[PDB]
């Protein structure tokens, strides 16, 4: 029942009583583990932003990172580093634009690389995790450009340099599968495979169209790079699963996250990060609620959990708060993270029972994005 502030008061009181000395210093964040969780605050389009590094097990903020205008966070799965692509201007929100990538040490939070992106090439948008992406080896960062045309930027993190822009078709999102290969989702309803080398035009392959024009695939699919599992829900909660593990796209049986009866009762997914995927358990988690069809960005109060292989519902959790984004820790007995934009609070739940264990409040102005490393 003792809070961290209370426990801290006793320790400070005991130090004073015992005459224990200690040097005022800069703390190191504790070693990255499976239960570390990052919360990004795009701050409702504010010119500067914040990231929160949280120990999910203790429910404690263990660090922060400043960002500029709508930064894209990435977290290396092995815990070796974190990075974002960010945007600043010479006079707050006006003047000369500088786009850049920073790489940070994950215990000191010190920038270890600051790599400027030439010609302001970042896509400025409500934060989608897979608009900026690390290769599995972690030596390359890939960012999406929308203006003047869909394009993908290649950033060498090892050599700390921007390399080049890749011309791509009318496609969106970046799902890396190898040091030299990533997938995108195209307007025509196909996936595009993009293979890029040291120099030259990329080798671009399209899959067969896997969904119709009237079937809308959300801006926040879950992608497990270690599983090569792309889990993509529609507005109705229909779930596309694409296996990319062989290096080529194989489409898994489509599955329904809601029953026909629930759908007729107006049950629909809604929020920001509406979907989570646990790799070890091969399990899908989806934010759902009763809502009108065009209220797809509102908070949801329920999470359903289902088997990826069969699509059988394993649980339905009444979350108890207005939840916008979900994600899971990738360890055994995982935590279910439930971030409320409205409350500016991360609610930390047991993923098996759905029970709320703890919460972390005061997380910026409009926190929206949850990131965790797959370290197992």
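Positions refer to the first chain, counted from 1. What we label the rigid core is the largest C-alpha set whose atoms superpose within 1.5 Å from one form to the other.
Taking the root mean square of CA deviations in 9 other deposited structures of this protein after fitting on the rigid core, 194-202 and 102-110 differ, and the farther of the two is 194-202. Looking at 347-355 and 41-49 together, the entry lists the larger mean B-factor for 347-355, computed on C-alpha atoms.
Of the two stretches examined, 311-319 and 56-64, the record assigns the greater average C-alpha temperature factor to 311-319. The entry assigns its greatest Cα B factor, within the set 149, 258, 152, 125, to 258. The entry assigns its greatest Cα B factor, within the set 195, 107, 93, 134, to 195. Compared with the other modelled residues of the chain, the Cα B-factor recorded for residue 203 ranks in the highest third. The entry lists a Cα temperature factor for residue 176 that places it in the middle third of the chain's modelled residues. In the deposited entry, the Cα temperature factor of residue 81 sits in the middle third of values across the chain's modelled residues. Among all modelled residues in this chain, the alpha-carbon of residue 300 has a temperature factor (C-alpha) in the middle third.
For residue 100, the recorded CA B-factor ranks within the lowest third of the chain. Only modelled residues enter the ranking.
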